[PDB]
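Position 1 is the first residue of the sequence; numbering continues from there.
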Amino acid sequence: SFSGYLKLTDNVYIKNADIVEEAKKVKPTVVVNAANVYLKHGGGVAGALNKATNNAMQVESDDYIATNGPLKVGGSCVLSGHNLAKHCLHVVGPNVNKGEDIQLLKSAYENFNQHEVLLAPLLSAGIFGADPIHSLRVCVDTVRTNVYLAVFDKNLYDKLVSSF
Ligand SMILES: O=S1(=O)CCC[C@@H](CNc2ncnc3[nH]ncc23)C1
């Protein structure tokens, strides 16, 4: 199962890890993707997850968008987890670099409550522009199901733990 995570709360756990490598090893029921509304998985967590599926995530995602249109900022959809997980929960956090309202980060984390356990990144952090310390605080104060957070950067992981 999940191993080497530091327990932060009753339901939130954290580890310095690449979420792609964690998903390949653990094969969780749900891996969260840090998606954008178009499901265009170019970089960050989305680009890395999609590359690990040999672009199968992007082919599925383009069919989903052709049928349904774009997601909302703060919204999500459940698609296949391909070779990484049973399911991928594509969740759109606000992108601060595009002036999206950071208050939508709590709505984005509420999607996690529909799943008993998830492997996830810190939403809206990284290339989405938000402060990761804030993202972890909104995660702990919003998600009630069991979440295993993979933080790619070691320096940031240590700062997140030491300021918790
Ligand atoms: O640690 S960071 O520099 C700042 C906090 C948010 C993460 C978001 N990206 C990722 N998080 C987890 N696993 C990943 N694999 N590929 C990308 C990625 C980036």
Side-chain angles (χ1 to χ4, degrees), residues 8 12-23 30-79 81-82 84-85 87-115 118-143 147-164:
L8 296 181
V12 179
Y13 295 82
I14 192 165
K15 184 178 180 183
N16 172 36
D18 175 355
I19 195 173
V20 172
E21 291 301 311
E22 284 293 297
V30 177
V31 65
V32 174
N33 179 32
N36 52 63
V37 296
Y38 305 109
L39 300 185
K40 282 302 186 215
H41 308 306
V45 171
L49 289 174
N50 177 60
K51 177 178 174 189
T53 73
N54 182 47
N55 210 50
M57 178 180 284
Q58 190 65 65
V59 167
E60 179 192 35
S61 292
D62 287 347
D63 169 82
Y64 172 93
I65 294 290
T67 297
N68 298 290
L71 280 69
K72 293 170 182 173
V73 177
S76 71
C77 67
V78 178
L79 292 174
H82 301 275
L84 302 175
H87 302 294
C88 179
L89 177 71
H90 294 271
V91 180
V92 183
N95 183 326
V96 168
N97 300 315
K98 304 170 169 171
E100 297 172 352
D101 181 3
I102 194 56
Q103 297 179 131
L104 291 164
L105 183 54
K106 186 173 183 71
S107 299
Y109 274 116
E110 289 170 341
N111 294 284
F112 286 28
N113 291 321
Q114 300 294 315
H115 298 279
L118 311 92
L119 169 61
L122 281 170
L123 298 178
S124 292
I127 66 178
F128 280 64
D131 183 345
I133 294 178
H134 179 58
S135 185
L136 176 55
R137 186 58 58 192
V138 177
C139 180
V140 155
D141 290 342
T142 304
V143 181
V147 59
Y148 287 84
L149 296 165
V151 176
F152 184 94
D153 193 81
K154 175 54 165 165
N155 174 113
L156 171 61
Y157 169 85
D158 286 347
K159 176 168 162 88
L160 286 168
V161 170
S162 66
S163 62
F164 186 69

Colleague: A side-chain contact here means heavy atoms from C-beta on lying under 4.5 Å apart; do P94 and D101 qualify?
Modeller: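 No; the side chains remain at least 4.5 Å from each other.
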
Colleague: To the nearest 0.5 Å, tell me how far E22 CD sits from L84 CG.
Modeller: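 Going from the CD atom of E22 to the CG atom of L84 covers 12.0 Å.
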
Colleague: Counting heavy atoms not belonging to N97, are there more than 12 under 6.0 Å from its CG?
Modeller: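 Atom CG in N97 is packed in, count exceeds 12.
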
Colleague: Kindly determine whether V140 and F164 satisfy side-chain contact (heavy atoms from CB on, under 4.5 Å), including the steps that lead there.
Modeller: CA-CA 10 Å; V140 155; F164 186 69; 3.9 Å; yes

Colleague: So which atom in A130 and which in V96 form the shortest heavy-atom distance, rounded to 0.1 Å?
Modeller: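 Heavy-atom minimum between the residues: CB-CG2, 4.1 Å.
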
Colleague: Can you name the residues that form a side-chain contact (heavy atoms from CB on, under 4.5 Å) with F152, not counting sequence neighbours?
Modeller: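 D18.
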
Colleague: Go through the structure and list residues passing side-chain hydrogen bond (donor to acceptor under 3.5 Å, both in side chains) with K98, not counting sequence neighbours.
Modeller: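 In terms of side-chain hydrogen bond (donor to acceptor under 3.5 Å, both in side chains), with neighbours along the sequence ignored, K98 is linked to no residue.
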
Colleague: Please test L105 against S135 for side-chain contact (heavy atoms from CB on, under 4.5 Å), starting from the C-alpha separation and ending with a verdict.
Modeller: CA-CA 8 Å; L105 183 54; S135 185; 4.1 Å; yes

Colleague: Can you tell me how far apart CD1 (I65) and SG (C77) are? Round to the nearest 0.5 Å.
Modeller: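 Answer rounded to 0.5 Å: 7.0 Å.
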
Colleague: Restricting to non-hydrogen atoms, name the atom on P121 and the atom on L149 that form the minimum distance, rounded to 0.1 Å.
Modeller: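 Heavy atoms of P121 and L149 come nearest at O-CD2, 3.8 Å.
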
Colleague: Between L79 and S61, which heavy-atom pair has the shortest distance, and what is it?
Modeller: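 For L79 and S61, the tightest heavy-atom pair comes out as CD1-OG, 4.0 Å.
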
Colleague: Give, for atom CG of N55 and atom NE2 of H82, the distance between the pair rounded to the nearest 0.5 Å.
Modeller: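 The distance works out to 10.0 Å.
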
Colleague: For side-chain contact (heavy atoms from CB on, under 4.5 Å), just list the numbers for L89 and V31, CA-CA rounded to whole Å, side-chain angles, deciding distance to a tenth of an Å, and then say yes or no.
Modeller: CA-CA 6 Å; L89 177 71; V31 65; over 6 Å; no

Colleague: If you look at every heavy atom in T142 and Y109, which pair is closest and at what distance?
Modeller: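 Looking at all heavy atoms of both residues, the shortest contact is CG2-CB, 3.8 Å.
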
Colleague: Do you know the tightest heavy-atom contact between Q58 and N50?
Modeller: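 Nearest heavy atoms, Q58 then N50: N-OD1, 2.8 Å.
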
Colleague: Run the side-chain contact (heavy atoms from CB on, under 4.5 Å) test against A35 and tell me which residues pass, sequence neighbours left out.
Modeller: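 With neighbours one apart ignored, the set is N33, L39, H90, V92.
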
Colleague: Out of curiosity, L122 CG to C139 SG, how far, rounded to the nearest 0.5 Å?
Modeller: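 That separation rounds to 7.0 Å.
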
Colleague: Work out which heavy atom in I19 is nearest to a heavy atom in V32; give both atom names and the distance.
Modeller: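 Taking every non-hydrogen atom into account, CD1-O, 3.7 Å.
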
Colleague: Test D158 against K154 for side-chain contact (heavy atoms from CB on, under 4.5 Å), laying out the working first.
Modeller: CA-CA 6 Å; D158 286 347; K154 175 54 165 165; 2.8 Å; yes

Colleague: If only side-chain N and O atoms count, and only distance matters, is there a donor-acceptor pair under 3.5 Å linking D153 with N16?
Modeller: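 No donor-acceptor contact under 3.5 Å links the two side chains.
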
Colleague: Which value, rounded to the nearest 0.5 Å, describes the distance between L136 atom CG and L123 atom CG?
Modeller: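 Going from the CG atom of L136 to the CG atom of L123 covers 11.0 Å.
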
Colleague: If you measure from CG on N95 to CG on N36, what distance do you get to the nearest 0.5 Å?
Modeller: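 Between atom CG of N95 and atom CG of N36 there are 8.5 Å.
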
Colleague: Side-chain contact, heavy-atom cut-off 4.5 Å: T53 with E60?
Modeller: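 Not touching, per the 4.5 Å side-chain cut-off.
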
